[PDB]
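Chains as they are written, first to last, in PDB author numbering: chain A, 7 to 339; chain A', 7 to 339; chain A'', 7 to 339. A prime marks a further copy of an entry chain. Don't be surprised by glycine CBs; every beta carbon is placed ideally from N, CA and C. The structure appears right after this line, and notes come after that.
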Amino acid sequence: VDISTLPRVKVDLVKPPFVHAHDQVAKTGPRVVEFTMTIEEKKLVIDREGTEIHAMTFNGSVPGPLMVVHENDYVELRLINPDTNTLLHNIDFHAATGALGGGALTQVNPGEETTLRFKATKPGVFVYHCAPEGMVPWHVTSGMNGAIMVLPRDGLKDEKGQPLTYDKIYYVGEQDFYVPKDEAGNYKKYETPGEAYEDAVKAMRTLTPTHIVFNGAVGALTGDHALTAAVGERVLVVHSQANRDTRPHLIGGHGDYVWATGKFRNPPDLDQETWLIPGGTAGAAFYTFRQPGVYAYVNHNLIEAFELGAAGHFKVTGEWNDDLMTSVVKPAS
Amino acid sequence: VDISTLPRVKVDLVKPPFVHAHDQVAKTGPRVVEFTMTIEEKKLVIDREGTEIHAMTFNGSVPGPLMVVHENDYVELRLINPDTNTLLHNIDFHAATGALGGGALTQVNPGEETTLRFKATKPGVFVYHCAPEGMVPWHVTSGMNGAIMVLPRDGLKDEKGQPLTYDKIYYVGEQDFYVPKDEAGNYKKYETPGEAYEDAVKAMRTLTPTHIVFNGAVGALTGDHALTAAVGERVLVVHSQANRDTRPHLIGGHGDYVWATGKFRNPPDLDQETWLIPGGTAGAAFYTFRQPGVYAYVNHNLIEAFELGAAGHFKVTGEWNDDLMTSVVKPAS
Amino acid sequence: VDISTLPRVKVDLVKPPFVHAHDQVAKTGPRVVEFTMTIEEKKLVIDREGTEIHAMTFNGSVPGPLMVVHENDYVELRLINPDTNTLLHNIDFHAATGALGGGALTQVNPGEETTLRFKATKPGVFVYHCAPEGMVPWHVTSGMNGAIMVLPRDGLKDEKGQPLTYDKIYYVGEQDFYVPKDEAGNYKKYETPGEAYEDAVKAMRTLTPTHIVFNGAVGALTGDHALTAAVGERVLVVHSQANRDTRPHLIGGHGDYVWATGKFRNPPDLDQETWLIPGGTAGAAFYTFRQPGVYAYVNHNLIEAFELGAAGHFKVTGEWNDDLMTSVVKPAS
Ligand SMILES: [Cu+2]
Ligand SMILES: [Cu+2]
Ligand SMILES: [Cu+2]
Ligand SMILES: [Cu+2]
Ligand SMILES: [Cu+2]
Ligand SMILES: [Cu+2]
Numbered sequence: 007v008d009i010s011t012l013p014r015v016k017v018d019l020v021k022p023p024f025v026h027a028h029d030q031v032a033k034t035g036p037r038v039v040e041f042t043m044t045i046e047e048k049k050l051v052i053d054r055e056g057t058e059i060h061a062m063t064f065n066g067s068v069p070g071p072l073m074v075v076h077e078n079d080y081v082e083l084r085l086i087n088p089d090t091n092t093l094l095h096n097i098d099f100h101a102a103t104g105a106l107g108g109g110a111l112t113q114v115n116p117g118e119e120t121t122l123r124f125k126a127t128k129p130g131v132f133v134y135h136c137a138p139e140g141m142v143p144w145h146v147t148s149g150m151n152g153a154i155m156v157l158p159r160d161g162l163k164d165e166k167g168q169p170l171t172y173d174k175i176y177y178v179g180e181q182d183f184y185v186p187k188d189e190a191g192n193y194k195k196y197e198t199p200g201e202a203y204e205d206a207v208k209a210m211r212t213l214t215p216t217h218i219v220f221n222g223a224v225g226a227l228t229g230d231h232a233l234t235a236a237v238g239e240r241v242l243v244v245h246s247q248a249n250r251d252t253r254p255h256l257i258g259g260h261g262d263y264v265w266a267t268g269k270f271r272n273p274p275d276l277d278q279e280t281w282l283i284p285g286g287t288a289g290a291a292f293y294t295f296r297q298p299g300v301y302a303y304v305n306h307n308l309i310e311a312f313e314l315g316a317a318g319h320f321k322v323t324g325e326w327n328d329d330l331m332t333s334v335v336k337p338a339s
Numbered sequence: 007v008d009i010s011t012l013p014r015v016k017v018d019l020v021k022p023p024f025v026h027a028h029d030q031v032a033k034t035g036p037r038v039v040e041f042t043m044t045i046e047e048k049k050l051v052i053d054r055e056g057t058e059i060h061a062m063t064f065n066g067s068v069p070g071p072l073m074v075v076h077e078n079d080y081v082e083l084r085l086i087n088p089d090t091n092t093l094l095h096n097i098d099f100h101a102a103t104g105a106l107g108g109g110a111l112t113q114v115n116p117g118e119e120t121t122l123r124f125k126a127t128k129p130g131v132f133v134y135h136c137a138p139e140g141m142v143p144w145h146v147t148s149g150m151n152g153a154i155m156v157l158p159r160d161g162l163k164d165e166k167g168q169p170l171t172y173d174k175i176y177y178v179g180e181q182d183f184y185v186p187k188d189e190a191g192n193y194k195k196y197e198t199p200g201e202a203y204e205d206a207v208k209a210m211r212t213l214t215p216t217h218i219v220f221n222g223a224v225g226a227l228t229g230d231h232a233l234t235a236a237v238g239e240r241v242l243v244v245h246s247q248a249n250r251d252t253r254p255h256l257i258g259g260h261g262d263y264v265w266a267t268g269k270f271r272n273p274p275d276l277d278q279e280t281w282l283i284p285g286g287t288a289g290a291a292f293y294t295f296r297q298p299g300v301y302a303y304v305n306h307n308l309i310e311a312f313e314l315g316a317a318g319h320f321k322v323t324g325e326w327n328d329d330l331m332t333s334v335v336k337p338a339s
Numbered sequence: 007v008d009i010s011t012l013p014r015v016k017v018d019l020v021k022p023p024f025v026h027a028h029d030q031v032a033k034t035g036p037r038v039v040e041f042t043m044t045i046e047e048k049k050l051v052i053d054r055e056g057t058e059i060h061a062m063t064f065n066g067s068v069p070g071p072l073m074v075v076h077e078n079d080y081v082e083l084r085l086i087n088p089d090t091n092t093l094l095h096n097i098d099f100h101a102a103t104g105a106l107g108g109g110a111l112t113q114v115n116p117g118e119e120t121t122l123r124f125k126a127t128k129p130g131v132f133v134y135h136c137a138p139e140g141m142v143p144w145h146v147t148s149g150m151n152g153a154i155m156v157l158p159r160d161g162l163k164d165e166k167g168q169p170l171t172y173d174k175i176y177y178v179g180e181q182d183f184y185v186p187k188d189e190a191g192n193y194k195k196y197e198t199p200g201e202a203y204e205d206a207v208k209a210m211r212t213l214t215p216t217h218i219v220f221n222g223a224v225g226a227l228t229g230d231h232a233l234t235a236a237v238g239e240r241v242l243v244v245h246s247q248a249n250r251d252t253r254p255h256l257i258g259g260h261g262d263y264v265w266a267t268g269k270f271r272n273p274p275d276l277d278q279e280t281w282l283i284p285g286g287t288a289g290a291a292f293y294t295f296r297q298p299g300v301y302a303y304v305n306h307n308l309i310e311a312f313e314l315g316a317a318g319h320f321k322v323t324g325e326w327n328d329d330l331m332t333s334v335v336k337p338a339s
């Protein structure tokens, strides 16, 4: 088919955990969906101690933004590597077929750009990440990863074939960082990326992250940046981990319908407490809130959550249901 | 509905791996099921070397006891923190909805008690654990976790909708401990919980357990405390891990029907050799024994099993079936 | 039934990643399928640096060869431990029922052999491994493991009950090695297995592999030993990990149908990007190639893949499909 006869629609991306507007049920036929991302190498402070790393980002954020299309749309990405960066980058889409997910076709030095097109033939949430030959884990674990959602053309379905429609969607990217340490255990102070490379490799080879964070930093999805919902709202939380297993859990809630390995032709798992998202995968969980208040959303390795950073909050408004839960006798002597 | 019009039934809990008597198919309408647990801080010897830790327990055991109710029963827990303990505790039920699983409503200082009620709206096996704000992984990884089973009102079903009925049930709680080590590798000798806290945090942050045990100690489910069955018996093994992934395996057997992430509205996985239970989850495996003798039940990271403690035994009585397995030629020169 | 009335067929095994010839759909009734394996202890170089270990193998390879039978065949294995070896060995089949998978019946000292028979009552791919009492993880993590495939008698089926037929099959065994290190981080230089045992145990207890490899060495499934396919070919990749979780991914492709925990009575998961195979399990993924070129097949902990060894290649011949993927604008200033 002549792709030039298809509609083109340009998407304007937004910063995670928010997601660009889209339709769950496709209101048009197949389209070429046009995205642009600009790579930015930048310093990021990732914890409360002030630890600063040299992050590698798509569009200035860790994670990169969530892209949303429908099955059998074409994704057309303009990828820009400005001359203010210093490294070679590319992109691998797990949604795509061929050429190492796109990475063999998208190598851009500083001062270069490229445009890749692929057909999104399989529905699901998928990781995307940089993958420069010989340096792959360093770029990924420096923050250069995000996700793409390929919706079925008739939207999401439950285990019986009935529609599932979310009211709100959030994208939680979880990032394992490997900040090199000296013998005494302090994070090393590097002058350039090349001077950092061997100790970055050493640090990665321990297989022990120093930090595991949501949306790029300890505490990023708390306080004024907590996730929000109301009682009765249907929320989809897309969660990705490009390099290491995670096990999300909504403290005080559930995943009512979960695609733990993210692929919508499969029926969802029901009523999950915790789900395993393997490293290199995106998953999605659908929940209808039933109680107001604060919820924590965590990796349920609780050390990873509360000591290394993999914890966010929901603030949920509405009525308390004392049938579902109540304090019969409040704490007392 | 006025909960005061419902029947009340008091459960008397038992020490894992045994489980309090219950009905698989509910013989009454919904009930308020009353449980009591008393928190006990105590010294426990956890390995053959004599390593002694300061454990934090529900009802004196690691894991805490298995609670069993039916879907849409109400769980009413009296939680007691006697004045002989020194820390603040609470409880989070993954089965419950709201208030951080109950933790926001159940904070008890030494000398206090509380009573929580929640509706068990989802069937499955679920973790429960202590979760005091700011100290969550320390309490969990000190042993303060167990599980609750919410049975469907019409009992368990196979992948085709046919009944599955167990003859025996066991609860295996798997505990990762993080005993702080000095530089030379020996376990440190602490005077109070507050003096221990920073090195406990340091130890946890390595993400490398020093011990991984069933029922609270190396060897706990061996010898005179081996699990038992007879050929032809249907056994359900509930397995929980509140903090870290595990992968159970019955050496010489299978999981004929497994809910690896523990939720009974989902069809079970058939004929599993090994299953992944993510950290923060309870799972359940159903097996009908076909051969007598000794079986080992392990985490099939065999280092975790045989070097760090995550191994128990079954002793199974009955007839040997030489059609299913035989030695044709015994070892010989 | 009198097993002596059944046909006997002798299989001649082949070196992984290749697989002995077999039929997907059984062309005979149940058979006794006769296998022989000879244990070989040997030095193996496992990385590009020249690190040499004392490996323990079935039939001279890491992994041991893939055995293939049909459901309700009998597997009859002659296991030979020649007098040129120095250790006691045995075998545990996860496909088998009873006697610790066979291990209690197959203990062979150097200079001994044995013959075990078992009925393959459950379809799926399964691990087999050595398991000598008290030394289990050392033998497994020295390479003494492989897999067995028990096909349904009417071959593989999709999630709807329709046939799935592969054109090619490969067996990828993934091996975690724990080469002891000195304080400075270099691999130690041992004189005998007994002198090595305590530092092997120490190394294993770190839970941090020094090497994670496919087919026995870094790079083993690259270059002249890359896996091969053509566009349009249906390929089954069987992947096992006897001791530690892995998460396979085909870079530039998918698992169209995946049995992540390897058991064919279950419907496959569709359209997977990455799948979790728990330690102690074999899994299988079915893919139809749609694009030519080089693909990498990896554990998608990318550190494990690209820094520790868990990466292979496919070389795929055929036509490029520019509808599925194209470079619209090649990299340029
Ligand atoms: Cu990059
Ligand atoms: Cu990838
Ligand atoms: Cu506590
Ligand atoms: Cu929890
Ligand atoms: Cu051996
Ligand atoms: Cu095994």
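- Task: Can you pull the chain A'' residues whose beta carbon is under 7 Å from the beta carbon of A:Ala102, in chain order?
- Result: On the first sequence, position 96 is the one that residue 102 of chain A refers to. For A:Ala102, the chain A'' residues whose C-beta falls within less than 7 Å of its own C-beta are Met331, listed in chain order.
- Own chain, CB closer than 6 Å to A':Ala291, minus 5 neighbours either side, in chain order: Reading the second sequence from its first residue, position 285 is the one you call residue 291 of chain A'. Only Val243, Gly261, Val264 meet the Cβ criterion.
- Query: Regarding A:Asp8 and ligand 6, is the C-beta to nearest heavy atom distance less than 6 Å?
  - Reply: Taking the first residue of the first sequence as position 1, residue 8 of chain A is located at position 2. No.
- Query: Hey, how far is the Cα of A':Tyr293 from the Cα of A'':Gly70?
  - Reply: Along the second sequence, read from residue 1 onward, the residue named residue 293 of chain A' stands at position 287. Along the third sequence, read from residue 1 onward, the residue named residue 70 of chain A'' stands at position 64. About 29 Å.
- Task: Verify the CB distance criterion: does A'':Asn307 have a CB-CB separation below 7 Å to chain A?
- Result: Taking the third sequence and counting its residues from 1, one reaches residue 307 of chain A'' at position 301. The beta carbon of A'':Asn307 falls within 7 Å of a beta carbon belonging to chain A, placing the residue at that interface.
- Message: If you reduce the DSSP assignment to three classes, tell me which class A'':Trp326 lands in.
- Response: Mapped onto the third sequence, residue 326 of chain A'' falls at position 320. A'':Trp326 sits in coil when the DSSP states are folded into three classes, being neither helix nor strand.
- Query: Is A:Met62 near ligand 1, judged by its Cβ being under 6 Å from some heavy atom?
  - Reply: On the first sequence, residue 62 of chain A is found 56 positions in, with the first residue counted as 1. The beta carbon of A:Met62 sits closer than 6 Å to at least one heavy atom of ligand 1.
- Using the C-alpha atoms, what's the distance from A:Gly179 back to A:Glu46? Translated into the one-based positions of the first sequence, residue 46 of chain A becomes position 40. Translated into the one-based positions of the first sequence, residue 179 of chain A becomes position 173. Taking C-alpha positions only, A:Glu46 is separated from A:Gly179 by approximately 17 Å.
- Does the Cβ of A':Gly108 lie closer than 6 Å to at least one heavy atom of ligand 4? Reading the second sequence from its first residue, position 102 is the one you call residue 108 of chain A'. Set against 6 Å, the gap from the CB of A':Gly108 to the closest heavy atom of ligand 4 is not smaller.
- Task: Find the residues of chain A' that neighbour A'':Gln113, judging by a C-beta separation of less than 8 Å, and give them in chain order.
- Result: Indexing the third sequence from 1 puts residue 113 of chain A'' at position 107. In chain order: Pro337.
- Runs of alpha helix (DSSP H) wholly within the segment 182–254 of chain A' (minimum 4 residues, chain order): The qualifying runs are 199–211.
- Message: DSSP has A'':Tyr172 in a bridge; who is on the other side?
- Response: The count along the third sequence starts at 1 and reaches residue 172 of chain A'' at position 166. None; A'':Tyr172 has no bridge partner.
- Distance CB(A:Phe320)-CB(A':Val142) smaller than 7 Å: Translated into the one-based positions of the first sequence, residue 320 of chain A becomes position 314. Translated into the one-based positions of the second sequence, residue 142 of chain A' becomes position 136. In this structure, A:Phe320 keeps its C-beta atom at 7 Å or more from the C-beta atom of A':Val142.
- Cβ of A:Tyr134 within 7 Å of Cβ of A:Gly117? One-based indexing of the first sequence puts residue 134 of chain A at position 128. One-based indexing of the first sequence puts residue 117 of chain A at position 111. Between A:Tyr134 and A:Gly117, the C-beta spacing is not below 7 Å.
- Using three-state DSSP, classify A'':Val7 as helix, strand or coil. For the purposes of this step, residue 7 of chain A'' is taken as residue 1 along the third sequence, with counting starting at 1. In the structure shown, A'':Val7 sits in coil (DSSP, three-state: anything other than H, G, I, E or B).
- Cβ-heavy atom distance between A:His145 and ligand 1 below 6 Å? If you number the first sequence from 1, residue 145 of chain A lands on position 139. Yes, the Cβ of A:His145 comes within 6 Å of a heavy atom of ligand 1.
- Query: Which partner residues of A'':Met62 appear in the DSSP bridge assignment?
  - Reply: To locate residue 62 of chain A'', count along the third sequence from 1; it is residue 56. Note: A'':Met62 sits in a beta bridge opposite A'':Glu47.
- Message: What residue range does the alpha helix (DSSP H) around A'':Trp144 cover?
- Response: Locating residue 144 of chain A'' in the third sequence gives position 138, where the first residue counts as 1. Per DSSP, A'':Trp144 belongs to the alpha helix (DSSP H) from 142–146.
- Query: Within the present structure, is the beta-carbon of A'':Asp98 separated from the nearest heavy atom of ligand 6 by less than 6 Å?
  - Reply: The residue labelled residue 98 of chain A'' in the question sits at position 92 within the third sequence. Under cutoff, so the answer is yes.
- Which ranges would you report for the beta strand (DSSP E) in the segment 244–324 of chain A' if only whole runs of at least 3 residues count? Counting only runs of 3 or more, we get 254–257, 261–265, 275–278, 287–294, 299–305, 317–323.
- Query: Among all the DSSP beta bridges, which residues are the ones paired with residue 347 of chain A'?
  - Reply: Since the first residue of chain A' shown is 7 and the last is 339, residue 347 of chain A' is not available in this structure.
- Item | Local Cβ density within 10 Å of A'':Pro22, reported as buried at 16 or more and exposed below that | The residue given as residue 22 of chain A'' occupies position 16 in the third sequence. So A'':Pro22 ends up on the buried side.
- Task: Determine which residues of the segment 276–288 of chain A'' have a Cβ less than 8 Å from any Cβ of chain A, and write them out in chain order.
- Result: With the criterion set as a beta carbon lying under 8 Å from some beta carbon of chain A, the members of the segment 276–288 of chain A'' are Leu276, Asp277, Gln278, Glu279, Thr280, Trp281, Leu282, in sequence order.
- Message: Using 7 Å as the threshold, is the C-beta distance between A:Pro298 and A:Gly318 below it?
- Response: If you number the first sequence from 1, residue 298 of chain A lands on position 292. If you number the first sequence from 1, residue 318 of chain A lands on position 312. The answer is no: Cβ separation not under 7 Å.
- Item | Burial state of A':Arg123, where buried means 16 or more other Cβ atoms lie within 10 Å | Taking the first residue of the second sequence as position 1, residue 123 of chain A' is located at position 117. The residue in question, A':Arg123, is buried, as its Cβ has 16 or more Cβ neighbours within 10 Å.
- Query: Just to check, is the beta-carbon of A'':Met150 closer than 6 Å to a non-hydrogen atom of ligand 5?
  - Reply: Translated into the one-based positions of the third sequence, residue 150 of chain A'' becomes position 144. A'':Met150 Cβ: within cutoff of ligand 5.
- Task: Keeping to the same chain, check which residues put their C-beta closer than 6 Å to that of A'':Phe132; ignore five residues upstream and five downstream.
- Result: Along the third sequence, read from residue 1 onward, the residue named residue 132 of chain A'' stands at position 126. The residues are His100, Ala101, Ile154, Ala288.
- Query: Using CA coordinates, which residue listed in A':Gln113, A':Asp79, A':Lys166 is at the minimum distance from A':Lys128?
  - Reply: Translated into the one-based positions of the second sequence, residue 128 of chain A' becomes position 122. Checked all of A':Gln113, A':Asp79, A':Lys166; the closest Cα to A':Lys128 is A':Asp79.
- Reference A'':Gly259; option with closest CA among A'':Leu282, A'':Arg271, A'':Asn249, A'':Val300: As a position in the third sequence, residue 259 of chain A'' is number 253, starting the count at 1. Checking every option, the nearest Cα to that of A'':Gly259 belongs to A'':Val300.
- Message: Out of A:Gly315, A:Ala338, A:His245, A:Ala190, which one is the CA nearest neighbour of residue 4 of chain A'?
- Response: Because chain A' spans 7 through 339 in this model, residue 4 of chain A' falls outside it and cannot be assessed.
- Mind pulling the alpha helix (DSSP H) runs of 4 or more residues that sit fully within the segment 74–100 of chain A'? Secondary structure remark: continuous alpha helix (DSSP H) runs of at least 4 residues inside the segment 74–100 of chain A': none found.
- Query: Bridge partners of A:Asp53, per DSSP?
  - Reply: The residue you call residue 53 of chain A lines up with position 47 of the first sequence. Partner(s): none; A:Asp53 has no beta bridge.
- Item | contact_flag[the segment 201–221 of chain A, the segment 157–169 of chain A] where n(CB pairs < 8 Å) is 3 or more | Segment contact: the segment 201–221 of chain A against the segment 157–169 of chain A, fewer than three CB-CB distances shorter than 8 Å; contact not assigned.
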